[PDB]
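Heads up, the thing below is written out as C-alpha cells.
Protein chains in written order, with the entry's author numbering: chain J, 518 to 542, 570 to 664; chain F, 518 to 542, 570 to 664; chain Z, 518 to 542, 570 to 664; chain I, 32 to 147, 157 to 309, 312 to 321, 321A, 322 to 359, 361 to 398, 409 to 504; chain E, 32 to 147, 157 to 309, 312 to 321, 321A, 322 to 359, 361 to 398, 409 to 504; chain A, 32 to 147, 157 to 309, 312 to 321, 321A, 322 to 359, 361 to 398, 409 to 504.
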C-alpha cells in the first residue's frame, strides 16, 4: 500500500529513519528531457553509494571517525530534537570532505580483501 | 556463447531456474523513446529488488512466511510441472501484497544491523 | 574531491589498481543522444558485473581457474611490469570465453546457496 | 568518542530549484470527438490524482512574485497557440486595396460600426480574379491616406495574418502541472496567506489542481475563490510599478451577449483553402452589452475599499476609470463564444469612499473585434472567423487587477488595468512551489562497520 | 509449514502489450550511390539476423484482425512518403487555365487518351511569362464548365500537388521490424493456421523477416506464399464487411508493359526548380496491357472455389467483376517502373462453378495515370513524372482481396476489391505478436534467509 | 598453479572510436544584449575548464588527415548557418528584370564597379508596385543577353537568395568541444609533431581550447601559432592532391580597409519584411586595399622556403600566383566587418629562391561582393546587407594553404589555393584525438573466492 510520500519531513531524525523506503521508491522533447533527468539523477546517487561500500543499503555504517571540526552536538539527546532540514542546514559545510574519506576507506577494504584471500 | 533467449518458456519451473541469466542479459525521436523505455523498465525491476535486500541476486530467499490465503499447492511434484506461465496466471492475484511484507522485512533487518553494530 | 581522470594510464598495473575510483567516477537531440549513450554504456558494464556476483566491487576475485590456452605470463615478476594497455592488447583474444565461465560459476553459487538454506 | 560516520539514503530533505514540469490534462478530453484541441493534442498524461499528503511540522518560505512556475506557464500558453495556428490559412492574398462603403441592416438603416468592403481576389484558377465583398468592423480597417472610400486591413502592413481554424475552437480546459520523478510540488494551506512569507501548514501533491488558462485584462473572470475574506496582494503595495491583485471571496456574476446574428460566408482563396468572411448582418442594430448585479458590485467595492484602507486608514480611497489609449489596454477583454469582446469599464470604477439581487442591473457597451494582435505576441496577428447566431455568456468575476495612479490630491488612487499578462496566472500559482529532493545524508552514530 | 517467499529474477514470463517497434533495413541498401531512398535513409539500423529460437510445449493466442503491429506499419508507410515529398517542387504555379486540343502520333494519327495542352507560365524572370506546351492524359484533366477547349488539372481545385523527385525512385525495399530491449516478437509456425486461434508451435525472433511494402488494390502481388495449400482468412467469412483474404500457395505470374516511348521535357518554374512533363509521344499508338497464363489462372480459380465452398458446400459459387465507380477502387493497381497502372479486371472474375502453360494468354487493357490522389492520404495529391522508354514488368500474384456481395440469386457472390488498404500488410504480419517480458516473480520454497 | 580469474573495474584502458561531441561556448558568450549569435543560441553549456592531466608514460598514435573531429566541425559549421538564415527575408520577389545604368560619385565622377539599377517591386498593398532603385556591384549582376541596359541578379537563376539578418551579425566566437561522459579527448604536446605518427607526451582534457571558426581561403588568418619554428604538414608532401598546410610560428600582421561610406536604405518587400540595399555612395572613389609589412613577408617567405627545401634540397623553389578563373577560388577571402572581401594575392607569391618594420608596405587591391554563394553550400546563396561607414580590419596571418603545381621546368612549384575548406579547421584539431574508455578487465591472481 502506498504510504504517501515525504510525510516524515519535519519529524525527529529518529522517527524519520523508519520510513526511508517511501522516499527511496508526453509533450515530446521536454517530457523526454524530464525523464532522462530523473533517470540520471537517480543513477548518480545510486553510484555514489557503491563507491563507499554501501551498495544496496538504505542505512549504512562505515569506517570514518568523526571529529568536532564538522558539526558537533551531543547527538544522543540531539539525535532527536533535531529535524532533517535543520541538520542539513547544519552539516552541509563538510560533506565534500566526508566523501573523500569514505572513498579511501572503501578502497582500503577492497584491497585488504583482495590481498587476504590470496592465501585461500 | 549466446544461449538464445526465452527458450526455457513452458518446460518446468525447476528447469527454467537454471538459465535465468539468459533472460536477465536512429529513426527520429521515435527510437530514443524505445531506448529510454528499455532503460527505465530495467531500472524499475532492478531497484525493486534492492528494497527487499536482494541487491544482486537472481534467486533470493527472504523472510516472509507463506499462507494459504495466497496460492496453495503441494509443489513437491507441482513445482516441476506448473509451469511458470500457469504460475503467473495463478498467483498474480496477490503479488501486490507480498511487496509490502518484503519491504517491512528488509527495513527490520537494516535497522537491526544498525543497532547491533553500535555495540561493536 | 577530484584527482584528474586518467593519470594512472601508462603506469604499471599494480600501481594503477589503487586509483580505480578516479576512472569509475538549443542543440537538444544532439546532447540527449550523448546522455543516453553514457547512461546505457555505464549500465551495460554495471550489469555485466552483477551477473558475475561482483555486484559492487571495483576489485573482485572469483572462481574460474586460469590456464595457458589464454594469455600466459609469470605475472609475479611480470605483474606490475606491463601497463594496462599492453595487457589489454594481450588478453583481448579470450574475454568472450571468460565471461561465460564466470556466468556459470555465479549460477552455481546462487543455486548452492538456495539449496543449502532450505535445511535452515 | 566512539562516533563514526553513517550514510542514510531516502532522507526526507529538499532544496529549491527550477525544473522542467510535466504538462497534463484531465482524461475528459476535448468533447467534440477529440479533434485536437491544444490541451488534448499534446498535454495528455491522464489525470494524475492530487494525493495530498500534509506535512506535520514544516515551516517553508514562499515567494509568488518570483516563483519558477509562472514563467513556464506563460511560455507554454504562448507556445500552444503557435502549434495550433500553423496549419490554418494565411490571409496574405487578402491584403489588397478595398473599395468600401457604409453597411445597412433591415429597412436600409445604417448599421454603425460596420463597412461593406469589396475587393479583388484570385479564384481556384490563378489567371482569373473576381470582385467579392464582405463586412469588416471599423476596428479591422484603416482608412488609406487618400480618397475617403479606399481602405486596407489594419494589421496587414506590419505582419502576416492567419485565420483561426474553426475545428480547434479554443476553450479554457484545465491544465495540471506535475513535477517529474525526483521533485515535489509543495503548497500552502494557510487560508490567509498574503502571497509572500512563510507558511506553517505546508502540504505536498503529485500535481496542481485544474488551472484554467483564461485570457482577460482587468477582471480575472472564471477564476478560483479565496477561502477566507477578500485578500490583497502585492510585492509592495506602496510602489506603483506592481499590480495590486485583489482576490474576491465572493463571486460576482457577469453576463455578456451579442444579440445580432451573423451570416458566415465562404470565400475561396485557392487550392483547398477557405476564408470565412461576414456577409449580411441579420437582426436589428444593437451593440453587445454586459450586465452586473448592481447590489453585488456595490457590496464588493465596499468590501475592497474596507480591506484596502487598512493599509491607508487615514486616507479616502478613489477608484478611477481607465485613462485612455488603445482598446487593447484600456478595456476589459475576453473571448466569450469564440468572438473577442472589448468592454468599456468606466461606469464600474467611479465610486469613491470617505474616511470613517435582481435589481438595478448595470450596463456597459462593449466593442467587438476580429483581427486580434494577440497579447501573447507582438509582430504577428490572428483573424477570428465570424460566429453565426447570437452569443450569450455567463462567468464569475473573482479578482481585480488594480493599479494605483498619482493623483494630485492627497488621497489614494486605484484604476483597473494590469501592466502585464502574467498576473492572470499568478493568481492561481501563488500557493505552489517546486523543490528538488536530496535523499543522501550523513550523520554520526555509535557504530563502526564490521571487519570480516 | 516451513514455506517462505522467494523472489526470482529473469523468470521467462510475458504479457501482451503495445510498444514502439524499431524500423530496420537490409544492409544491402539502395546503392545507386545511396541517394537516400526512404527505407534505408531513415530506418538506418542494419540487418538484425532473425535468430529464431523455438519454444517447447507453448500454447499462445493470436489475433491478426486486431494486432498492434499492422497500425504501426500503416502509419510508418504513410509517414515515409511525406518525409520524402517535402523537398520536391510544388506545382502550384502550374494550376492555370489551359488551351488544349487533340494530340497525334506519327503519320498524324490521332492518339486516344491524350490531349496536347498549352499554358502560360512564369520563367526565371518573374516579370516575363511564356506559352509552353505539354501532353496530359485525359484522366489528369477535367474540362472547364464552358467552351470545350478549356481545361484544368483534375486535382488543383481541391488540394496542392507536389512532383515526385526522380532521384528518390520508390521501390519495395524489405523492412524488418524489431522490438526494443525488454520485449519479444513471437510468431506461429503452424503451417495451416487460419489467422486466429492458438498456435501450438510458437517461436521467437529478434525481428520479422523482410517485409515488402507493396502497394496494390486487388491482387496482393509480389507477396509471400503459404507453405501448405490455399488458405482462406477472415474475421467472419459470413459477414460481408470483412475482406476475405485468399492466400495462394501457387504463384501465378503476371506481366504488364507500356509499349509506347515517352519524351521527357523540362519546363522551368523559377529558381532552380524543374518540372518534367511529357512532350511528343514516340512509337505507334497502343494501350498498356497485362498478360496471365490462362491455364494457371483457370487452375488457381478452380482451387480457390474448391477451398471456398467447403464453407458453403450447399450452393454454387459465382465470381463477379468490379461493380463500377472511380478507377481508384474498381481496378487492380500497381506502380511498375515508376508509372502507375489501373487495370480492368472484369475478364478475370467472371468464371462460375457448380455444385458437385505458355498458351491462351489472357489480356486486360490498363489505363495509366499521373496525378495520383495517393491512397495514403485524402486532401492532397502527387505527380509522377513521365518515364522515358517502354517499361516492362513481371511479378508474382500471391493473393486475392475478395469481398462478398448480396446477389439476389440463391448462390454465393465474391468480387475483387478490398475495403481498406491495411489488408495489404495484414497478409504478412498475420504470424507475429509482440509481448512484454515480466522477469520478476515470487514463489514458495523450503528456505528462509540467514540472520547474520 | 593456483591462479584464478579476477575482474577489475575502473581499469584505465581505451580504444579509438567515433562519437557525438558536445558543443560549448565561453561564459563570456555574448554581450550585445545576448541577441542570439549562433554559438550562444545553440552551444549553451558554459566554459568547461580544460583540466589538463598529463600522462606519465603513454605512447599514442595520431592521424590528423583522417580524424573523426574535423568532419563534425565541418557539419556543425555548415548547419549553424542554416539555423540562423531560416527566419530572414527571402529575396525571391526581387529577382525581376532591371533597367540599370552607370553610377556616379561626387562631382558626377563615374565610379567603377557599381551600377545604378531601377526595378519594379510590390509595396505593402499587393495591387500596387513602384519603381525603386538601388546600386549593385558589377559582381552581383549578370547582363541579360543582347541589350546593354538590361540586367538580372547573378544568383537568382539557379537558387533562392536570403538576406542575412543584421541582428545576428556573425563573428568568430570560440567554440569548445567536450566529449560526453565515458569518452576522453587526448592530445599531443610534442611541440614539433608533424601531424602524423606517435607522440610521447600525450595528455587529456575535458575539452579543446577555444577554437575560432574562421572562414578564409588562402592565408588561414587569425589562427593559433606553433610553439617551435615553422612547421610543414601533409599526408604526402610529394603528391599534389594534398594541401601542404604551412604553419607559422611568427604572426604577420595584415590590414584591410574599405575607404568610403555606404548609404543604407530600406526597401519594403511586403508585410513586415525589410530589404536593405545600397543607395548613393558617399566619399571618394576607391578600391578596398590591404597592407602587409614587406620586411616581415620577405622574412617569412625566406623561412618557409628554407623549411620547405629540406624536403626538396636538390632544386630551387618557385612560388607562383593563383592560376585564374572564378574569384571564389583564386583570391584570398574573408568577412571583415560584415562585408566579404576578395583580394588578389598575385603580388605576394612571385618570389623565387635559389639553391645554396614600418617601411615598404605592400598593397593589394581587393574586390568586394554581396551575393555570396557561401562555401558551405552549393545550390543556395546569401545576401550580405551593406554596412555604413568605412570599415577597418586588422588580423594576424598564421599559415598558408599552399599546393604544388606541375611546372615544366626542373624546379619546384607552390601556389596558394586550397582544394577544400576542411583544411581551415584541420590546422587547429591536428593535436586532439577522441577515445572510448573500456573500464572492465580480467587478469590472473593468487586468489579464489570464499565459499560461505
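Beta carbons: idealized from backbone N, C-alpha and C, even for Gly.
query	result
At the level of alpha carbons, what is the spacing between residue 535(F) and residue 593(Z)?	19 Å
One question on the structure: do residue 82(E) and residue 246(E) come within less than 8 Å of each other, judged by their Cβ atoms?	yes
Using DSSP's beta-bridge definition, name the partner residues of residue 374(E).	385(E)
State the beta-bridge partners of residue 496(I) as determined by DSSP.	36(I)
Quick check on DSSP: helix, strand or coil for residue 294(A)?	strand
Give the secondary structure of residue 620(Z) by DSSP, where H, G and I count as helix, E and B as strand, and everything else as coil.	coil
Using beta carbons (cut-off 8 Å, strictly below), is residue 313(A) in contact with chain I?	yes
In angstroms, rounded to a whole number, what distance separates the CA positions of residue 157(A) and residue 423(A)?	16 Å
Grab me the residues of residue 480(A)'s own chain with a C-beta within less than 6 Å of its C-beta, minus the 5 sequence neighbours each way, in chain order.	251
Would you list, in chain order, the members of the region 641-662 of chain F that have their beta-carbon closer than 7 Å to a beta-carbon of chain I?	658, 661, 662
Would you say residue 141(I) touches the ligand COA, meaning its beta carbon is less than 7 Å from a heavy atom?	As far as ligands go, the structure on display features none, and thus does not contain the ligand COA.
Since I believe residue 378(E) is in contact with residue 443(E) (beta carbons under 8 Å), could you give me their beta-carbon distance rounded to a whole number of angstroms?	6 Å
With distances taken from CA atoms, which of 570(F), 575(F), 605(F) is nearest residue 40(E)?	605(F)
In chain order, what residues of the same chain have a beta carbon less than 6 Å from the beta carbon of residue 266(A), not counting five sequence neighbours either side?	287, 289
DSSP state of residue 586(F), grouped into three classes?	helix
Measure from the alpha carbon of residue 482(E) to the alpha carbon of each residue in 70(E), 85(E), 102(E), 64(E), then state which is nearest.	102(E)
With 16 as the cutoff for other CB atoms within 10 Å, does residue 457(A) come out buried or exposed?	exposed
Residues of chain I with a CB under 7 Å from the CB of residue 591(J): which are they?	Residues of chain I passing the Cβ test: none, with the nearest at roughly 11 Å.
Would you identify the three-state DSSP class for residue 216(A), choosing helix, strand or coil?	strand
Are at least three pairs of beta-carbons, each pair with one atom in the region 644-657 of chain Z and one in the region 69-87 of chain A, less than 8 Å apart?	no
Is there a C-beta anywhere in chain A that falls below 8 Å from the one on residue 607(Z)?	yes
Which residues share a DSSP beta bridge with residue 177(E)?	145(E)
Could you have a look at residue 521(I) and say whether DSSP puts it in helix, strand or coil?	Limits of chain I in this structure are 32 at one end and 504 at the other, which puts residue 521(I) out of reach.
Run through the DSSP bridge pairs and tell me what residue 230(I) is partnered with.	According to DSSP, residue 230(I) bridges with nothing at all.
So, is residue 48(E) buried or exposed, given that buried needs 16 or more other C-beta atoms within 10 angstroms?	exposed
Check the Cβ of residue 664(Z) against every Cβ in chain E and list those closer than 8 Å, keeping chain order.	499, 500, 502
Just the C-alpha distance for residue 121(A) and residue 162(E), rounded to the nearest angstrom, thanks.	18 Å
Decide if residue 107(E) is buried, meaning its Cβ has at least 16 other Cβ atoms within 10 Å, or exposed.	buried
From residue 507(A) to residue 240(A), what distance separates their C-alpha atoms?	Residue 507(A) falls outside the range modelled here, since chain A spans only 32 to 504, and no answer is possible.
With 9 Å as the C-beta to C-beta threshold (strictly closer), list the residues of the region 159-175 of chain E near chain A in chain order.	164, 165, 166, 167, 168
Can you give the Cα-Cα distance for residue 309(A) and residue 143(E), rounded to whole angstroms?	48 Å
Is there a Cβ of chain D sitting closer than 8 Å to that of residue 601(Z), yes or no?	Reference to chain D is not applicable here, since the protein chains of this structure are J, F, Z, I, E and A.
Of all the options 472(E), 323(E), 284(E), 437(E), which has the alpha carbon lying nearest to the alpha carbon of residue 202(E)?	437(E)
List the DSSP bridge partners of residue 287(I).	271(I), 451(I)
What span of residues does the alpha helix (DSSP H) with residue 656(F) cover, start to end?	639-660
My guess is that residue 623(J) and residue 531(J) are in contact by the Cβ rule of under 8 Å, so how many angstroms apart are they, rounded?	6 Å
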